[PDB]
Amino acid sequence: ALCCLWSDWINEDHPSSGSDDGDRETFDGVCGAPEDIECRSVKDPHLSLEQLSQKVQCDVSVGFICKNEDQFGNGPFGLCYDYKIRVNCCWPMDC
Ligand SMILES: [Ca+2]
Ligand SMILES: [Ca+2]
Ligand code: NA
């Protein structure tokens with residue numbers, strides 16, 4: 001069968017850190033090919049993305065991407081929340 005486990009939280013980028021003007025989280029070095037991914041805001045971790053307001057990308061191919069300019073605001077106001085991810089990874093095991 002397949003034995004699947006959820007990783008610890010990954011939170012290596014932040015909306016006002018680095019040079020990417022956003023928040024990107026990857027599972028490189030954690031799992032080779034996640035079966036699932038969970039992307040959550042740090043300040044409201046119980047809300048799924050379908051319960052959040054921001055424009056983000058969250059999938060098992062690229063991981064998590066939020067770009068600050070995609071968020072609601074006028075002028076320079078408005079940016080990504082800080083997000084964190086878990087990945088669900090499965091191993092072929094007889095668990
Ligand atoms: Ca950043
Ligand atoms: Ca982050
Ligand atoms: Na975005």
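Coordinates for the structure precede this section.
What this report covers is the structure whose coordinates are included nearby. (Residues numbered from 1 in each chain as written, not as in the entry; some residues may be left out. Chains lettered and ligands numbered in written order. Heavy atoms only, no water. Residues with missing side-chain atoms left out of burial classes, pairs and counts.)

### Focus on the coordination of the calcium ion (ligand 2)
We apply this condition: Counted as donors are the N, O and S atoms within 2.8 Å of the metal, or 3.2 Å for Na, K and Ca, while water is not among the atoms, so some sites may look incomplete. A simple rule labels every residue: compare its accessible area, found with a 1.4 Å probe on the protein chains alone, to the largest value its type can have, and call it buried under 20%, exposed over 50%, or partly exposed in between.
Coordination of the calcium ion (ligand 2) by the protein involves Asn 11 (OD1), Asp 13 (O), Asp 23 (OD), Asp 23 (OD), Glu 25 (OE), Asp 82 (OD) and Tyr 83 (O), with metal-donor separations of 2.3 to 2.6 Å. Given a relative accessible area of 1%, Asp 23 falls into the buried group.

### Side note on the state of the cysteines
Here, disulfide denotes a covalent bond that connects the sulfur atoms of two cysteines. Put simply, the rule reads: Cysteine sulfur atoms are paired as a disulfide whenever they fall within 2.5 Å. Put simply, DSSP marks the helices as runs of H or I at least four residues long and the strands as runs of E at least two long, and each gets a number from the N terminus on.
Tallying each qualifying case throughout the model produces five disulfides. At a sulfur-sulfur separation of 2.0 Å, the disulfide partner of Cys 31 is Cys 89. Its torsion about the S-S bond being 110°, the disulfide of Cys 31 and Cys 89 is classed as right-handed. Linking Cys 31 in the loop between β2 (22-25) and β3 (36-41) with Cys 89 in strand β6 (residues 83-92), this pair joins segments that are 58 residues apart in sequence. With a sulfur-sulfur separation of 2.0 Å, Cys 66 is cross-linked through a disulfide to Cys 80. Torsion about the S-S bond of the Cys 66 and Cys 80 cystine: about -100°, corresponding to left-handed handedness. Of this pair, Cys 66 sits in strand β5 (residues 63-67) while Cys 80 sits in the loop between β5 and β6, and the two are 14 residues apart along the sequence.

### Remarks on the coordination of the calcium ion (ligand 1)
Every protein donor of the calcium ion (ligand 1) is accounted for by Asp 13 (OD), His 14 (O), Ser 17 (O), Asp 20 (OD) and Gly 22 (O), and the metal-donor separations fall at 2.3 to 2.5 Å. Here the donor residues for the calcium ion (ligand 1) map to a single chain with the spacing D-H-x2-S-x2-D-x1-G. Taking the relative accessible area as the measure of exposure, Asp 20 reaches 39% and is therefore partly exposed.

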